[PDB]
Amino acid sequence: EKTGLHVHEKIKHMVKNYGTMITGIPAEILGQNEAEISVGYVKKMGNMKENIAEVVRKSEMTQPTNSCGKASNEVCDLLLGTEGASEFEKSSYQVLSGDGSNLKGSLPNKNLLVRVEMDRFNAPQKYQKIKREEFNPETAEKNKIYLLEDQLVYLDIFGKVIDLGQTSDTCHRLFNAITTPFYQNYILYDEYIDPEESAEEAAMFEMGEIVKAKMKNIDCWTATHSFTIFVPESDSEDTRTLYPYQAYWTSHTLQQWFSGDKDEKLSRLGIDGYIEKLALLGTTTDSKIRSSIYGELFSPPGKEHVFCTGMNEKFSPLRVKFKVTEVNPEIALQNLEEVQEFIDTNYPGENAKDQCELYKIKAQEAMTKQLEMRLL
Amino acid sequence: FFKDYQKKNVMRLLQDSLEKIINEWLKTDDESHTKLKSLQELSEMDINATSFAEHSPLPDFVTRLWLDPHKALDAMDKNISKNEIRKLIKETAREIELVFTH
Numbered sequence: 007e008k009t010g011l012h013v014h015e016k017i018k019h020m021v022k023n024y025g026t027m028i029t030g031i032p033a034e035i036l037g038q039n040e041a042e043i044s045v046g047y048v049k050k051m052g053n054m055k056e057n058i059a060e061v062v063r064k065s066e067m068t069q070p071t072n073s074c075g076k077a078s079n080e081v082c083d084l085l086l087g088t089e090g091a092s093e094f095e096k097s098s099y100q101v102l103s104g105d106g107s108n109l110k111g112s113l114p115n116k117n118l119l120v121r122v123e124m125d126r127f128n129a130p131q132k133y134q135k136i137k138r139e140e141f142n143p144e145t146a147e148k149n150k151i152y153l154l155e156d157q158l159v160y161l162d163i164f165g166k167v168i169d170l171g172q173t174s175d176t177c178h179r180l181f182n183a184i185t186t187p188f189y190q191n192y193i194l195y196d197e198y199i200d201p202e203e204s205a206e207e208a209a210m211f212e213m214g215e216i217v218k219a220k221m222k223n224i225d226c227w228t229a230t231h232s233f234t235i236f237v238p239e240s241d242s243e244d245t246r247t248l249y250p251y252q253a254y255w256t257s258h259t260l261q262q263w264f265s266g267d268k269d270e271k272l273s274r275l276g277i278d279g280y281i282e283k284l285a286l287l288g289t290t291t292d293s294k295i296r297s298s299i300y301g302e303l304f305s306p307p308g309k310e311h312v313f314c315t316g317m318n319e320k321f322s323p324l325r326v327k328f329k330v331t332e333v334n335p336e337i338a339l340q341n342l343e344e345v346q347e348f349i350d351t352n353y354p355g356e357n358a359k360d361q362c363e364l365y366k367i368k369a370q371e372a373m374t375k376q377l378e379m380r381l382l
Numbered sequence: 011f012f013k014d015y016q017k018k019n020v021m022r023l024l025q026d027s028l029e030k031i032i033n034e035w036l037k038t039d040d041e042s043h044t045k046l047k048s049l050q051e052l053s054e055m056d057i058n059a060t061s062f063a064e065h066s067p068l069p070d071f072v073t074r075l076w077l078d079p080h081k082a083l084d085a086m087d088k089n090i091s092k093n094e095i096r097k098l099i100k101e102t103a104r105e106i107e108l109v110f111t112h
């Protein structure tokens, strides 16, 4: 019927087959925009016409977006209508409790859509010893500790200077103690430092203790991933499954998410199991656990074991914010219907791929045209 | 629904284009901050003033998109009014100026 499960199958079928066409952006204005931002890339020497065609082909305009938020915005708009998705976006988030109970309770058996935000505790890891008349908070690298002659400050990621509550005399001693050029601009938590070795290293350990202690009451968390979860109404308590939808910034598209059946793969975890893992992401202190689960939940399909390894290990503590609203399947399905109608009307084809090739060809021809207007 | 959905997404694409072009043009500013002061001037320019854009430090795209948007992008939908475009340019300029006063 107009069952909520049919809303899932329609949006998966359509994002799989059409990709970036789901935005509803007409191909022509797509290519004119991508021409304007690409003028500088076109070679000025030789056969400009081939140089234009080179930039048009190297152009990734018809690839769908891989942005965490943009994809989530897109799913909200289609599933809730254009103003329902603004109400849902403006309302308050809620932090996933340690056991996930507060999310489990937020899921009655109805057509529900969850929006999730993954925050990272991006606390400063480096420091520089600098004289006051050389420290300029607008020029300096953000998210760093700075030890002036008489003050120890935290320059946060937004450019704000937070004093760390030290006396002048404590700072003067630390400032004069750290004499080695290697340590003038260094890291805050070198676990191999031995304070008993020298006054300098003792000052470094001390400063590390001060910054770790003060950073606990400085709760600067940072948004790091965004996704949605469609939870259609099911016939009974056990038939209830959830389907996460996501893209990952610089990593993969929502179309690729559906091409790899990763929603279906993660859906096979059950609701209790998915909330268990999502919660453990925010309570665990084992970075190998944190990295492994982040891979399972959020990696591109088929990369669950390479996503968060080595330099991509998840060392920073994480937290989960969520919010839940109801879905009107008749509204979602007609919203989906109207995108389908526009794709068919303006980019017709026998199969979805031929509709996609017609879009790209229309956009490249607009692009080719706009680039020739600027390089006439 | 669709026309609102389509329009919102086209605006964000134009906003994406303006952000990229201005951020790259701004990456090459002088120590007198000449481009930043000019960008500040756009954020406050009247929705009906069409003379500051007489050749100015601002990049080609912005000046043209402001003066006659449907000529600078002649595939743009009639249902996007010129003032909506101009307000978008002003808003974009304001957001990047605020980032670079802090």
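Chains as they are written, first to last, in the authors' numbering: chain B, 7 to 382; chain A, 11 to 112.
Here a beta-carbon is modelled for each residue, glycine too, at the ideal position from N, C-alpha and C.
The C-beta of residue 38 of chain B comes closer than 8 Å to at least one C-beta of chain A. Two segments are said to touch when three or more pairs of C-beta atoms, one from each, lie closer than 8 Å; by this definition the stretch 326 to 343 of chain B does not touch the stretch 368 to 382 of chain B.
DSSP places residue 27 of chain A outside any beta strand (DSSP E); the residue lies instead in the alpha helix (DSSP H), whose first and last residues are 12 to 36. Residue 227 of chain B is bridged by DSSP to B:127. Listed along the chain, the chain A residues whose CB falls inside 7 Å of the CB of residue 72 of chain B amount to none; the nearest CB is some 14 Å away.
Between residue 119 of chain B and residue 312 of chain B, the gap from beta carbon to beta carbon reaches 8 Å or more. Of the candidates B:125, B:78, B:156 and B:162, B:78 places its Cα closest to the Cα of residue 17 of chain B. Bounds of any beta strand (DSSP E) do not take in residue 157 of chain B, whose DSSP letter is neither H nor E. For residue 348 of chain B, the C-beta contacts it makes with chain A under 7 Å involve 12, in order along the chain.
Residues are counted here when their Cβ sits less than 7 Å from a Cβ of chain B; for the stretch 68 to 84 of chain A these are 71 and 83, given in chain order. Look at the stretch 212 to 287 of chain B and you find these whole runs of alpha helix (DSSP H), each 4 residues long or longer: 260 to 265 and 268 to 273. Rounded to the nearest whole angstrom, the C-alpha separation of residue 209 of chain B and residue 165 of chain B is 26 Å. Taking each of B:182, B:132 and B:144 in turn and checking the Cα distance to residue 154 of chain B, the smallest one comes out for B:182. By the Cβ neighbour-count rule, residue 89 of chain A is exposed, with fewer than 16 other Cβ atoms within 10 Å of its own. DSSP places residue 152 of chain B in the strand class (E or B) of the three-state scheme. The count of Cβ pairs closer than 8 Å, one atom from the stretch 359 to 371 of chain B and one from the stretch 24 to 34 of chain B, reaches three, so the stretches are in contact. The alpha carbon of residue 349 of chain B has as its nearest neighbour, out of B:364, B:336, B:335 and B:337, the alpha carbon of B:364.
Residue 356 of chain B and residue 23 of chain B have their alpha carbons spaced roughly 13 Å apart. The residue from B:323, B:373, B:346 and B:278 with its alpha-carbon nearest to that of residue 105 of chain B is B:278. For residue 352 of chain B, the enclosing alpha helix (DSSP H) stretches over residues 335 to 352. Out of B:45, B:126 and B:109, the CA that lies nearest to the CA of residue 225 of chain B is found in B:126. In its chain, beyond the 5 residues on either side, 48 and 49 have a beta carbon closer than 7 Å to the beta carbon of residue 57 of chain B.
Counting along the chain, residue 69 of chain B sits inside no alpha helix (DSSP H), nor does DSSP assign it H or E at all.
Annotation for residue 156 of chain B: 174, 177 and 178 place their beta carbon closer than 7 Å to its own, counting only its chain and skipping 5 residues before and after. Uninterrupted alpha helix (DSSP H) stretches at least 4 residues long and entirely within the stretch 40 to 93 of chain A occur at 44 to 53, 70 to 77 and 79 to 82, given in chain order. When the beta-carbon positions are compared, residue 41 of chain B and residue 376 of chain B come within less than 8 Å of each other. In the three-state reduction of the DSSP assignment, residue 83 of chain B falls in the helix class, which pools H, G and I.
Across the set B:144, B:7, B:207 and B:39, the C-alpha of B:39 shows the shortest separation from the C-alpha of residue 84 of chain A. Judged by DSSP secondary structure, residue 332 of chain B falls within the beta strand (DSSP E) whose first and last residues are 324 to 332.
By the neighbour-count definition (other C-beta atoms within 10 Å, threshold 16), residue 236 of chain B is a buried residue.
Closer than 8 Å to the CB of residue 354 of chain B there is not a single CB belonging to chain A. By the rule that beta-carbons nearer than 8 Å mark a contact, residue 164 of chain B touches chain A.
Residue pairing by DSSP places residue 196 of chain B opposite no residue, since no beta bridge is assigned to it.
Proximity of chain B to residue 31 of chain A at the Cβ level (cut-off 8 Å) is accounted for by 42 and 43, in chain order.
In the DSSP annotation of this structure, the continuous segment of the alpha helix (DSSP H) that includes residue 368 of chain B starts and ends at 358 to 380.
Apart from the 5 residues on each side of it in sequence, residue 99 of chain B sits with its Cβ closer than 7 Å to the Cβ of 123, 327, 328 and 329 in its chain, given in chain order.
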